Structures are given as structure tokens and as C-alpha cells.
Amino acid sequence: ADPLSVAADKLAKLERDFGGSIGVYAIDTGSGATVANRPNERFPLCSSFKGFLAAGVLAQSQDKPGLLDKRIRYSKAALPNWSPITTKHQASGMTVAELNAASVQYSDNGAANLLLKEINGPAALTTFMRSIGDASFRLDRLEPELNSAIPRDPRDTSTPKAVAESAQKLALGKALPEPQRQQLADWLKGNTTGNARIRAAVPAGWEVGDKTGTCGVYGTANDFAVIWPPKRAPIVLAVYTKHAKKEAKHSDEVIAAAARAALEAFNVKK
């Protein structure tokens with residue numbers, strides 16, 4: 001059987017059992033081969049946007065040396081839900097680098113909102129993504145309002161294909177200068193929240209830079225990753241889910257299984 005037909009069939013079963021939709025886009029950067037499921041359908045970003053926020057901040061650092069070292073002082077009282085790191089460090093403030101580590105690696109909402117303020121807001125992050133050729137990404141709101149994940153609503157969405165293609169440009173390619181690319185990769189590689197998602201489908205011990213999102217409603221959650229094998233070229237993978245029912249929980253298992261199906265089409269098995 002064609003591996004792409006097997007992958008499609010496995011993804012369709014995952015969708016039937018989950019009761020919602022699974023968007024996938026994978027790129028094997030060795031051969032250029034791809035795997036796609038609902039590649040151009042919109043899915044809520046949830047907190048996965050924070051990986052792209054980090055890239056946008058790094059791009060701003062190109063013109064202002066010292067940006068990553070700049071210490072931000074912020075309100076404790078105004079921190080949004082799920083701000084564990086920014087809460088802990090508020091008395092000292094946090095540097096822009098520390099805020100990105102917290103945003104990317106713990107999904108700290110207060111950190112992401114402070115970084116959005118630093119780069120001039122959701123529209124400015126959207127302009128940055130447009131500037132690298134990503135016509136799909138849009139960020140409209142702050143954390144946590146961006147997680148509403150209402151079916152069909154265009155706000156705070158992208159497509160699996162655009163997420164994967166932009167992750168390739170930014171973490172592997174030339175959209176950032178090499179020192180900034182390396183910093184973005186290092187932040188993603190140190191994520192702590194992804195171990196039950198794409199990483200659960202990747203052979204043990206391979207480096208994986210990823211950013212998760214968990215909207216908390218409408219069965220909507222996701223992960224995107226750059227995988228660096230020791231013996232083959234990197235692989236980029238975006239896995240996004242959504243469901244029509246507001247009360248549906250997300251499923252880490254569905255995300256990991258969809259990742260396994262895509263990676264199997266590239267002859268990667270954990």
C-alpha cells in the first residue's frame with residue numbers, strides 16, 4: 001500500500017473515534033516529502049502561537065542589541081490565569097529572554113502577554129508572520145481570551161500547513177539570522193509541556209523542539225515540532241485538533257497517534 005494512503009486511513013479512524021477533526025502537516029527536510037491532512041483548514045492556535053511570538057521577539061532583537069537582556073517589570077495583580085513563572089519572579093522582574101523561556105517552555109500566559117506588549121501586540125505579531133510569507137497566521141487577542149476556539153471563528157487561527165512551513169523557515173531556515181535561529185531552536189528544544197504529544201511518537205533520545213496549545217474547550221489542542229534525528233535530516237510536524245462540542249476535552253493520545261501516523265509515512269517509528 002502507498003504509505004500516504006495508510007496515513008490518511010489511520011488519520012480518518014482517529015477522527016471518527018475522537019469525534020472531531022485532526023489537521024496534520026509534516027515535512028521531511030531530507031527529501032522534501034510531505035504528509036497532509038486538512039492542510040488548509042483553519043484551526044485555533046491556542047498557546048502554540050507562543051513559539052512564533054518568540055521568533056517575532058528575536059526578529060526585533062536584530063535591530064536592538066540588548067533586547068533579550070532587557071528587564072521587564074510588571075504587575076503581579078494583573079497576571080492572567082496560568083502564569084506560574086511570572087508570578088514567582090514578579091518581585092525581581094524578568095528579562096525578555098527569561099520571559100520567552102517561560103512562555104515557550106511552560107506556556108506562561110503572563111509572559112506571553114508581556115512579550116506581546118514588547119512587540120506592539122497581536123497585530124504586530126501577525127505582521128511579522130506576514131513578512132516571512134505566512135499568509136494564514138492571525139493573532140487577534142491576548143491570553144487567555146484567544147483560547148475560545150469557537151467553531152468556524154477565524155480569530156487566533158492558522159492552518160497546519162502554514163504552521164509547519166513557518167516553523168521550518170524560522171527554526172531551520174534563514175528567516176532569522178543564525179544566532180537568533182539557534183536561540184529559537186534552543187527554546188523549543190527545552191519545552192517541558194510536550195511529552196505526551198508529538199514527542200510521544202518520536203524515538204527516544206532524539207531532540208525535539210515543540211510548542212503545545214490547549215484551548216480548554218471544543219476539544220481543541222495542538223502541538224508543532226521540529227525533530228532533529230541523529231542519523232537523518234530534520235522533520236517538521238504540525239498536529240492540530242478541534243471538535244464541534246464545547247464540553248469535549250482535548251486528547252493528548254489523539255495528537256500522539258496522529259503524529260505516529262504521519263511519522264510512519266516517513267519511515268520513522270519510536
# chains A, B, ... in the order shown; residues from 1 in each chain; ligands from 1

$ residues_around --residues "residue 130 (chain A)" --least-positions-apart "2" --cutoff "12 Å" --atoms "only C-alpha atoms" --output "number ranges by chain"
A: 52, 56, 123-128, 132-139, 158, 162, 166, 175

$ write_last_selection --atoms "N, CA and C atoms" --output "PDB file, in the first residue's frame"
ATOM      1  N   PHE A  52       5.848  31.190  17.758  1.00  0.00           N
ATOM      2  CA  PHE A  52       6.002  32.257  16.777  1.00  0.00           C
ATOM      3  C   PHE A  52       6.217  33.615  17.429  1.00  0.00           C
ATOM      4  N   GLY A  56       9.140  36.322  16.672  1.00  0.00           N
ATOM      5  CA  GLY A  56       8.929  37.733  16.437  1.00  0.00           C
ATOM      6  C   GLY A  56       9.752  38.621  17.347  1.00  0.00           C
ATOM      7  N   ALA A 123      -1.559  42.289  16.492  1.00  0.00           N
ATOM      8  CA  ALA A 123      -1.462  42.708  15.094  1.00  0.00           C
ATOM      9  C   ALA A 123      -0.010  42.798  14.639  1.00  0.00           C
ATOM     10  N   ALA A 124       0.882  43.219  15.521  1.00  0.00           N
ATOM     11  CA  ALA A 124       2.293  43.277  15.161  1.00  0.00           C
ATOM     12  C   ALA A 124       2.889  41.886  14.974  1.00  0.00           C
ATOM     13  N   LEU A 125       2.506  40.929  15.813  1.00  0.00           N
ATOM     14  CA  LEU A 125       2.981  39.573  15.582  1.00  0.00           C
ATOM     15  C   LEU A 125       2.467  39.045  14.248  1.00  0.00           C
ATOM     16  N   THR A 126       1.202  39.317  13.945  1.00  0.00           N
ATOM     17  CA  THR A 126       0.629  38.932  12.660  1.00  0.00           C
ATOM     18  C   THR A 126       1.401  39.554  11.500  1.00  0.00           C
ATOM     19  N   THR A 127       1.753  40.846  11.611  1.00  0.00           N
ATOM     20  CA  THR A 127       2.550  41.499  10.572  1.00  0.00           C
ATOM     21  C   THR A 127       3.895  40.810  10.398  1.00  0.00           C
ATOM     22  N   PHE A 128       4.537  40.415  11.497  1.00  0.00           N
ATOM     23  CA  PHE A 128       5.787  39.685  11.391  1.00  0.00           C
ATOM     24  C   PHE A 128       5.599  38.376  10.632  1.00  0.00           C
ATOM     25  N   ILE A 132       7.304  37.071   6.661  1.00  0.00           N
ATOM     26  CA  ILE A 132       8.073  35.906   6.247  1.00  0.00           C
ATOM     27  C   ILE A 132       7.336  35.073   5.227  1.00  0.00           C
ATOM     28  N   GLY A 133       6.165  35.508   4.786  1.00  0.00           N
ATOM     29  CA  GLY A 133       5.426  34.803   3.773  1.00  0.00           C
ATOM     30  C   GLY A 133       4.290  33.957   4.286  1.00  0.00           C
ATOM     31  N   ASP A 134       3.963  34.033   5.581  1.00  0.00           N
ATOM     32  CA  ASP A 134       2.859  33.258   6.134  1.00  0.00           C
ATOM     33  C   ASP A 134       1.589  34.089   6.015  1.00  0.00           C
ATOM     34  N   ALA A 135       0.741  33.710   5.069  1.00  0.00           N
ATOM     35  CA  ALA A 135      -0.494  34.411   4.788  1.00  0.00           C
ATOM     36  C   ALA A 135      -1.645  33.927   5.650  1.00  0.00           C
ATOM     37  N   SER A 136      -1.469  32.849   6.411  1.00  0.00           N
ATOM     38  CA  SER A 136      -2.559  32.240   7.160  1.00  0.00           C
ATOM     39  C   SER A 136      -2.607  32.659   8.625  1.00  0.00           C
ATOM     40  N   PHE A 137      -1.470  32.751   9.282  1.00  0.00           N
ATOM     41  CA  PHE A 137      -1.445  33.035  10.712  1.00  0.00           C
ATOM     42  C   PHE A 137      -2.206  34.320  11.022  1.00  0.00           C
ATOM     43  N   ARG A 138      -3.053  34.299  12.054  1.00  0.00           N
ATOM     44  CA  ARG A 138      -3.551  35.557  12.598  1.00  0.00           C
ATOM     45  C   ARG A 138      -3.701  35.423  14.097  1.00  0.00           C
ATOM     46  N   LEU A 139      -3.176  36.399  14.813  1.00  0.00           N
ATOM     47  CA  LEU A 139      -3.417  36.526  16.235  1.00  0.00           C
ATOM     48  C   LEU A 139      -4.193  37.812  16.428  1.00  0.00           C
ATOM     49  N   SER A 158      -4.533  29.447  12.565  1.00  0.00           N
ATOM     50  CA  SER A 158      -3.728  29.289  11.362  1.00  0.00           C
ATOM     51  C   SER A 158      -4.152  27.986  10.697  1.00  0.00           C
ATOM     52  N   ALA A 162       0.543  26.078   7.168  1.00  0.00           N
ATOM     53  CA  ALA A 162       1.247  27.320   7.447  1.00  0.00           C
ATOM     54  C   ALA A 162       2.082  27.205   8.716  1.00  0.00           C
ATOM     55  N   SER A 166       6.039  27.694   8.424  1.00  0.00           N
ATOM     56  CA  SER A 166       6.665  28.784   9.160  1.00  0.00           C
ATOM     57  C   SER A 166       7.655  28.263  10.187  1.00  0.00           C
ATOM     58  N   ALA A 175      14.943  32.575   7.975  1.00  0.00           N
ATOM     59  CA  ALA A 175      14.102  33.730   8.268  1.00  0.00           C
ATOM     60  C   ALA A 175      14.672  34.570   9.405  1.00  0.00           C
TER      61      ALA A 175
END

$ closest_atom_pairs --of "region 37-150 of chain A" --to "region 230-241 of chain A" --cutoff "9 Å" --atoms "only C-alpha atoms" --output "CSV"
residue,atom,partner,partner_atom,distance
A:43,CA,A:240,CA,6.5
A:44,CA,A:240,CA,8.0
A:45,CA,A:240,CA,8.2

$ residues_around --residues "residue 72 (chain A)" --least-positions-apart "6" --cutoff "12 Å" --atoms "only C-alpha atoms" --output "PDB file with N, CA and C atoms, in the first residue's frame"
ATOM      1  N   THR A  86       5.925  33.775  35.799  1.00  0.00           N
ATOM      2  CA  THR A  86       5.864  35.214  36.017  1.00  0.00           C
ATOM      3  C   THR A  86       5.354  35.567  37.410  1.00  0.00           C
ATOM      4  N   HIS A  89       8.446  35.202  39.879  1.00  0.00           N
ATOM      5  CA  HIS A  89       9.581  36.107  39.718  1.00  0.00           C
ATOM      6  C   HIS A  89       9.194  37.569  39.678  1.00  0.00           C
ATOM      7  N   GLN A  90       7.942  37.889  39.983  1.00  0.00           N
ATOM      8  CA  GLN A  90       7.480  39.257  39.785  1.00  0.00           C
ATOM      9  C   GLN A  90       8.254  40.261  40.632  1.00  0.00           C
ATOM     10  N   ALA A  91       8.678  39.875  41.837  1.00  0.00           N
ATOM     11  CA  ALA A  91       9.354  40.851  42.692  1.00  0.00           C
ATOM     12  C   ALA A  91      10.680  41.306  42.098  1.00  0.00           C
ATOM     13  N   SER A  92      11.309  40.480  41.268  1.00  0.00           N
ATOM     14  CA  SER A  92      12.568  40.839  40.644  1.00  0.00           C
ATOM     15  C   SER A  92      12.400  41.332  39.214  1.00  0.00           C
ATOM     16  N   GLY A  93      11.231  41.139  38.605  1.00  0.00           N
ATOM     17  CA  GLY A  93      11.117  41.296  37.167  1.00  0.00           C
ATOM     18  C   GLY A  93      11.760  40.119  36.453  1.00  0.00           C
ATOM     19  N   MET A  94      11.637  40.133  35.126  1.00  0.00           N
ATOM     20  CA  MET A  94      12.201  39.069  34.318  1.00  0.00           C
ATOM     21  C   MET A  94      12.759  39.684  33.052  1.00  0.00           C
ATOM     22  N   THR A  95      13.874  39.147  32.571  1.00  0.00           N
ATOM     23  CA  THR A  95      14.374  39.635  31.296  1.00  0.00           C
ATOM     24  C   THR A  95      13.519  39.088  30.155  1.00  0.00           C
ATOM     25  N   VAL A  96      13.651  39.733  28.998  1.00  0.00           N
ATOM     26  CA  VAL A  96      12.948  39.270  27.800  1.00  0.00           C
ATOM     27  C   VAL A  96      13.308  37.819  27.458  1.00  0.00           C
ATOM     28  N   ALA A  97      14.573  37.430  27.651  1.00  0.00           N
ATOM     29  CA  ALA A  97      14.950  36.034  27.445  1.00  0.00           C
ATOM     30  C   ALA A  97      14.213  35.126  28.413  1.00  0.00           C
ATOM     31  N   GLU A  98      14.201  35.497  29.704  1.00  0.00           N
ATOM     32  CA  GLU A  98      13.533  34.680  30.705  1.00  0.00           C
ATOM     33  C   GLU A  98      12.038  34.578  30.411  1.00  0.00           C
ATOM     34  N   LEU A  99      11.433  35.673  29.944  1.00  0.00           N
ATOM     35  CA  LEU A  99      10.018  35.640  29.582  1.00  0.00           C
ATOM     36  C   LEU A  99       9.759  34.677  28.429  1.00  0.00           C
ATOM     37  N   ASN A 100      10.634  34.671  27.429  1.00  0.00           N
ATOM     38  CA  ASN A 100      10.469  33.708  26.340  1.00  0.00           C
ATOM     39  C   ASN A 100      10.653  32.274  26.804  1.00  0.00           C
ATOM     40  N   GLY A 110       1.129  35.061  31.410  1.00  0.00           N
ATOM     41  CA  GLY A 110       1.603  36.395  31.734  1.00  0.00           C
ATOM     42  C   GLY A 110       2.846  36.757  30.945  1.00  0.00           C
ATOM     43  N   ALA A 111       3.763  35.793  30.775  1.00  0.00           N
ATOM     44  CA  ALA A 111       4.969  36.053  29.997  1.00  0.00           C
ATOM     45  C   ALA A 111       4.633  36.344  28.548  1.00  0.00           C
ATOM     46  N   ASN A 113       1.840  37.544  27.310  1.00  0.00           N
ATOM     47  CA  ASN A 113       1.225  38.861  27.173  1.00  0.00           C
ATOM     48  C   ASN A 113       2.249  39.987  27.314  1.00  0.00           C
ATOM     49  N   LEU A 114       3.242  39.828  28.196  1.00  0.00           N
ATOM     50  CA  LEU A 114       4.266  40.864  28.315  1.00  0.00           C
ATOM     51  C   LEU A 114       5.105  40.945  27.051  1.00  0.00           C
ATOM     52  N   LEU A 115       5.386  39.805  26.434  1.00  0.00           N
ATOM     53  CA  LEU A 115       6.148  39.811  25.195  1.00  0.00           C
ATOM     54  C   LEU A 115       5.331  40.394  24.049  1.00  0.00           C
ATOM     55  N   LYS A 117       3.218  42.771  24.447  1.00  0.00           N
ATOM     56  CA  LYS A 117       3.307  44.205  24.668  1.00  0.00           C
ATOM     57  C   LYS A 117       4.647  44.727  24.141  1.00  0.00           C
ATOM     58  N   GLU A 118       5.727  43.969  24.361  1.00  0.00           N
ATOM     59  CA  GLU A 118       7.054  44.387  23.911  1.00  0.00           C
ATOM     60  C   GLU A 118       7.116  44.552  22.394  1.00  0.00           C
TER      61      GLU A 118
END

$ select_by_dssp --residues "region 13-214 of chain A" --states "strand (DSSP E or B)" --output "VMD selection string"
chain A and resid 21 to 28 34 to 37 43 to 44 71 to 72 94 to 95 138 157 to 158 207 to 214

$ write_last_selection --atoms "C-alpha atoms" --output "tab-separated table (two decimals), in the first residue's frame"
chain	number	residue	atom	x	y	z
A	21	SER	CA	-11.06	16.95	13.07
A	22	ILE	CA	-7.30	16.43	13.01
A	23	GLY	CA	-5.12	18.72	10.90
A	24	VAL	CA	-1.66	17.47	10.05
A	25	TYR	CA	1.22	18.75	8.02
A	26	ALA	CA	4.63	17.10	8.05
A	27	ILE	CA	7.79	17.94	6.09
A	28	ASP	CA	10.77	15.61	5.75
A	34	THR	CA	5.20	15.86	2.91
A	35	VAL	CA	2.17	14.36	4.64
A	36	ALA	CA	-1.04	16.40	4.83
A	37	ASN	CA	-4.46	16.04	6.39
A	43	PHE	CA	-7.54	25.51	13.49
A	44	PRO	CA	-7.21	27.62	16.66
A	71	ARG	CA	14.49	43.51	32.34
A	72	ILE	CA	10.69	43.87	32.33
A	94	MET	CA	12.20	39.07	34.32
A	95	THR	CA	14.37	39.64	31.30
A	138	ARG	CA	-3.55	35.56	12.60
A	157	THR	CA	-6.11	30.60	13.96
A	158	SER	CA	-3.73	29.29	11.36
A	207	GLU	CA	15.95	16.21	20.18
A	208	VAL	CA	12.51	17.70	19.60
A	209	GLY	CA	11.66	21.39	19.74
A	210	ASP	CA	7.93	21.82	20.16
A	211	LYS	CA	5.23	24.17	21.37
A	212	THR	CA	1.86	22.89	22.60
A	213	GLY	CA	-1.51	24.62	22.84
A	214	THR	CA	-4.53	23.58	24.91

$ residues_around --residues "residue 54 (chain A)" --least-positions-apart "6" --cutoff "9 Å" --atoms "only C-alpha atoms" --output "mmCIF file with N, CA and C atoms, in the first residue's frame"
data_model
loop_
_atom_site.group_PDB
_atom_site.id
_atom_site.type_symbol
_atom_site.label_atom_id
_atom_site.label_comp_id
_atom_site.auth_asym_id
_atom_site.auth_seq_id
_atom_site.Cartn_x
_atom_site.Cartn_y
_atom_site.Cartn_z
ATOM 1 N N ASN A 100 10.634 34.671 27.429
ATOM 2 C CA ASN A 100 10.469 33.708 26.340
ATOM 3 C C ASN A 100 10.653 32.274 26.804
ATOM 4 N N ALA A 101 11.627 32.018 27.682
ATOM 5 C CA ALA A 101 11.754 30.664 28.196
ATOM 6 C C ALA A 101 10.480 30.235 28.912
ATOM 7 N N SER A 103 7.341 31.506 28.526
ATOM 8 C CA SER A 103 6.262 31.427 27.547
ATOM 9 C C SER A 103 6.350 30.147 26.723
ATOM 10 N N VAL A 104 7.532 29.867 26.181
ATOM 11 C CA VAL A 104 7.686 28.712 25.304
ATOM 12 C C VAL A 104 7.656 27.407 26.085
ATOM 13 N N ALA A 112 3.747 35.538 27.955
ATOM 14 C CA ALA A 112 3.377 35.783 26.570
ATOM 15 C C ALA A 112 2.738 37.154 26.400
ATOM 16 N N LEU A 115 5.386 39.805 26.434
ATOM 17 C CA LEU A 115 6.148 39.811 25.195
ATOM 18 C C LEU A 115 5.331 40.394 24.049
ATOM 19 N N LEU A 184 15.967 30.348 19.062
ATOM 20 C CA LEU A 184 14.595 29.850 18.939
ATOM 21 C C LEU A 184 14.558 28.335 19.070
ATOM 22 N N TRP A 187 15.087 27.304 22.669
ATOM 23 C CA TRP A 187 13.891 27.482 23.493
ATOM 24 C C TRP A 187 12.901 26.357 23.241
#

$ select_by_dssp --residues "region 36-173 of chain A" --states "helix (DSSP H, G or I)" --output "PyMOL selection string"
chain A and resi 46-61+67-69+84-89+96-106+109-119+122-131+145-147+160-172

$ residues_around --residues "residue 84 (chain A)" --least-positions-apart "6" --cutoff "10 Å" --atoms "only C-alpha atoms" --output "list in words"
residues 102, 106, 107, 108, 109, 110 and 111 of chain A

$ write_last_selection --atoms "N, CA and C atoms" --output "mmCIF file, in the first residue's frame"
data_model
loop_
_atom_site.group_PDB
_atom_site.id
_atom_site.type_symbol
_atom_site.label_atom_id
_atom_site.label_comp_id
_atom_site.auth_asym_id
_atom_site.auth_seq_id
_atom_site.Cartn_x
_atom_site.Cartn_y
_atom_site.Cartn_z
ATOM 1 N N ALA A 102 9.899 31.124 29.721
ATOM 2 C CA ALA A 102 8.675 30.769 30.433
ATOM 3 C C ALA A 102 7.484 30.593 29.490
ATOM 4 N N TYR A 106 6.892 26.626 29.493
ATOM 5 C CA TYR A 106 5.840 26.367 30.469
ATOM 6 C C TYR A 106 4.495 26.896 30.009
ATOM 7 N N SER A 107 4.442 27.550 28.863
ATOM 8 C CA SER A 107 3.210 28.149 28.367
ATOM 9 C C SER A 107 2.677 29.212 29.325
ATOM 10 N N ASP A 108 3.578 29.955 29.951
ATOM 11 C CA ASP A 108 3.189 31.003 30.890
ATOM 12 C C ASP A 108 2.449 32.128 30.149
ATOM 13 N N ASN A 109 1.209 32.366 30.562
ATOM 14 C CA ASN A 109 0.361 33.338 29.873
ATOM 15 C C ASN A 109 0.771 34.769 30.159
ATOM 16 N N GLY A 110 1.129 35.061 31.410
ATOM 17 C CA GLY A 110 1.603 36.395 31.734
ATOM 18 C C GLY A 110 2.846 36.757 30.945
ATOM 19 N N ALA A 111 3.763 35.793 30.775
ATOM 20 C CA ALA A 111 4.969 36.053 29.997
ATOM 21 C C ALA A 111 4.633 36.344 28.548
#

$ residues_around --residues "region 258-266 of chain A" --least-positions-apart "2" --cutoff "6 Å" --atoms "only C-alpha atoms" --output "ChimeraX atom specification"
/A:3,7,198,201,255-256,268-269

$ closest_residue --among "A:39, A:205, A:229, A:121" --to "residue 140 (chain A)" --atoms "only C-alpha atoms"
A:121

$ atom_distance --atom1 "CA of residue 243 (chain A)" --atom2 "CA of residue 19 (chain A)"
6.7 Å

$ atom_distance --atom1 "CA of residue 31 (chain A)" --atom2 "CA of residue 226 (chain A)"
15.5 Å

$ atom_distance --atom1 "CA of residue 50 (chain A)" --atom2 "CA of residue 145 (chain A)"
14.2 Å

$ decode --residues "region 161-183 of chain A" --atoms "N, CA, C and O atoms" --output "compact mmCIF listing (two decimals), in the first residue's frame"
# COMPACT_ATOMS: atom_id res chain seq x y z
N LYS A 161 -0.59 23.47 7.49
CA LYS A 161 0.46 23.72 6.51
C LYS A 161 1.24 24.98 6.83
O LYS A 161 2.47 24.97 6.78
N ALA A 162 0.54 26.08 7.17
CA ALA A 162 1.25 27.32 7.45
C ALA A 162 2.08 27.21 8.72
O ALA A 162 3.19 27.74 8.79
N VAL A 163 1.56 26.53 9.74
CA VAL A 163 2.34 26.34 10.97
C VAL A 163 3.62 25.58 10.67
O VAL A 163 4.71 25.99 11.08
N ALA A 164 3.51 24.47 9.94
CA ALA A 164 4.70 23.68 9.62
C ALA A 164 5.68 24.46 8.75
O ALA A 164 6.89 24.44 8.97
N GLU A 165 5.17 25.14 7.71
CA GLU A 165 6.05 25.87 6.81
C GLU A 165 6.75 27.01 7.52
O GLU A 165 7.95 27.25 7.28
N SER A 166 6.04 27.69 8.42
CA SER A 166 6.67 28.78 9.16
C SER A 166 7.65 28.26 10.19
O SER A 166 8.72 28.86 10.39
N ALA A 167 7.33 27.15 10.85
CA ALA A 167 8.28 26.55 11.77
C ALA A 167 9.57 26.16 11.04
O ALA A 167 10.68 26.39 11.55
N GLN A 168 9.46 25.63 9.83
CA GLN A 168 10.64 25.32 9.05
C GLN A 168 11.45 26.57 8.77
O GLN A 168 12.66 26.60 9.01
N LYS A 169 10.80 27.62 8.25
CA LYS A 169 11.52 28.85 7.91
C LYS A 169 12.27 29.42 9.10
O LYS A 169 13.40 29.91 8.96
N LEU A 170 11.62 29.42 10.27
CA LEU A 170 12.13 30.12 11.43
C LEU A 170 13.13 29.31 12.24
O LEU A 170 14.12 29.86 12.71
N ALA A 171 12.88 28.01 12.46
CA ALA A 171 13.72 27.21 13.33
C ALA A 171 14.78 26.43 12.57
O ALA A 171 15.77 26.00 13.19
N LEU A 172 14.61 26.24 11.27
CA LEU A 172 15.58 25.53 10.43
C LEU A 172 16.21 26.41 9.37
O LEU A 172 17.41 26.25 9.07
N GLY A 173 15.42 27.28 8.75
CA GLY A 173 15.84 28.04 7.59
C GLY A 173 16.45 29.36 7.96
O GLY A 173 17.05 29.53 9.03
N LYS A 174 16.27 30.32 7.05
CA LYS A 174 17.01 31.58 7.08
C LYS A 174 16.15 32.78 7.45
O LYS A 174 16.59 33.92 7.25
N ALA A 175 14.94 32.57 7.97
CA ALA A 175 14.10 33.73 8.27
C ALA A 175 14.67 34.57 9.40
O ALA A 175 14.43 35.78 9.46
N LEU A 176 15.42 33.95 10.31
CA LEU A 176 16.15 34.66 11.34
C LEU A 176 17.64 34.50 11.09
O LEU A 176 18.05 33.49 10.50
N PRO A 177 18.47 35.45 11.49
CA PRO A 177 19.92 35.21 11.43
C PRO A 177 20.27 34.03 12.31
O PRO A 177 19.57 33.71 13.27
N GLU A 178 21.40 33.40 11.99
CA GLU A 178 21.79 32.15 12.65
C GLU A 178 21.77 32.23 14.17
O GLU A 178 21.24 31.30 14.80
N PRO A 179 22.33 33.26 14.82
CA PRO A 179 22.28 33.27 16.29
C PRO A 179 20.86 33.26 16.84
O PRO A 179 20.58 32.62 17.86
N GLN A 180 19.95 33.97 16.16
CA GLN A 180 18.56 34.00 16.60
C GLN A 180 17.84 32.70 16.29
O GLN A 180 17.03 32.23 17.11
N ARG A 181 18.11 32.10 15.12
CA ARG A 181 17.56 30.78 14.83
C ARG A 181 17.97 29.78 15.90
O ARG A 181 17.13 29.01 16.41
N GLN A 182 19.25 29.79 16.27
CA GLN A 182 19.73 28.88 17.29
C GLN A 182 19.02 29.10 18.61
O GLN A 182 18.68 28.14 19.31
N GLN A 183 18.79 30.37 18.98
CA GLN A 183 18.08 30.66 20.22
C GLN A 183 16.64 30.16 20.18
O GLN A 183 16.14 29.61 21.17
